[PDB]
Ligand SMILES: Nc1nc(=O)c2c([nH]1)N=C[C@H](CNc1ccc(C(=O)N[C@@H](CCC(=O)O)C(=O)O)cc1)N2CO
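Before any questions on how it binds or moves, here is one chain, the form deposited without the ligand, in structure tokens.
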């Protein structure tokens, strides 16, 4: 069934995970090393067993794909997923006069006089990102994040490389190429950076007329991250294919540490008794062909008939 590769990792991390210390203290149980394969000529791997808002995914992606590094695109479609990374530097900055805010994170997460200040503070900022074309430019422009490592990797002497646009075309003119990779691991930018990307490298492969994509993820949160990460790159494998005029093949997700923090066991547990349902189908717009100009309505999912969603404590 489509998403069974997922439910097999959950099960499998539970069953032979091993307690590991971590970035917070919230242990995780993890495994090192793992591949799971999705025949995308079968349905869209959106998890049926937990409600997943496609909406946040495809726009997160179209922001990647336009070469973007700016919050504003996301807030313009109430996709809040990165705000924290951007509110962070506003708060810790010298225009920011206003409450102490020193790493909210979890200071919010179990303290309510302060998990309220932060809220509007944050919405204060969101508003200020949308509407102030100048503020947005130094506090919303986020710096290095996937849109910028895929489509404008900075060089040694000058310039900036559109790593992805180059790869799509070496898919268009050299399909049998073992050298088709897009990387986001920039070694000079890695010591001192926020989240050194989790989606480190991907690679395409063409065989007999169908595309495929592999993902190396060096770190992963089985419950919050991976259901979303799975549709992101299977959305991408689908977009890039329509562009190259190829059929769809398989999405492969290779993991380095894959992990379940511990205040989430109870939740995965519950999800694991839900009997998966048939998977959604994805129609991509029949006329637009450069994918970089894509927009929301050029992509609309069908039969996603999910279970209810499940709620869960998050990161720090």
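Numbering follows the first chain given and starts at 1.
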Got a sec? Mean C-alpha B-factor, which is higher, 141 to 149 or 222 to 230?
141 to 149
With respect to the recorded C-alpha B factors, which stretch has the higher mean value, 177 to 185 or 101 to 109?
101 to 109
Maximum C-alpha temperature factor, selected from 90, 205, 73, 135
90
When the entry's CA B-factors for 277, 289, 253, 58 are compared, the highest one belongs to 289
Grab the CA temperature factor for residue 82 from the record and place it in the lowest, middle or highest third of its chain.
middle
Pull the Cα B-factor of residue 172 out of the PDB entry and bin it into the chain's lowest, middle or highest third.
middle
Lowest, middle or highest third - CA B-factor, residue 35
lowest
Thinking about Cα B factors across the chain, which third does residue 50 belong to?
lowest
Split the chain's modelled residues into thirds by Cα B-factor; residue 209 lands in the middle
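What comes next is about the form deposited with the ligand bound, which does not appear here.
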Is there a heavy atom of residue 135 no more than 4.5 Å from a heavy atom of the ligand in the deposited complex?
no
Please check if residue 1 has a heavy atom lying within 4.5 Å of any heavy atom of the ligand in the deposited complex.
no
Could you confirm whether residue 55 comes within 4.5 Å of the ligand in the deposited complex, counting heavy atoms only?
no
4.5 Å heavy atom contact, residue 246 to the ligand in the deposited complex:
no
Among the candidates 206, 224, 239, 117, the residue which, in the deposited complex, approaches the ligand to within 4.5 Å (heavy atoms):
224
If the cut-off is 4.5 angstroms on heavy atoms, which of these, 81, 123, 161, 201, is the one near the ligand in the deposited complex?
81
Here the chain appears without its partner; judged in the deposited complex, the stretch of 151 to 159, 206 to 214, 85 to 93, 126 to 134 with heavy atoms within 4.5 Å of the ligand is 85 to 93
Which residues from 164 to 200 come close to the ligand in the deposited complex, meaning a heavy atom within 4.5 Å?
195
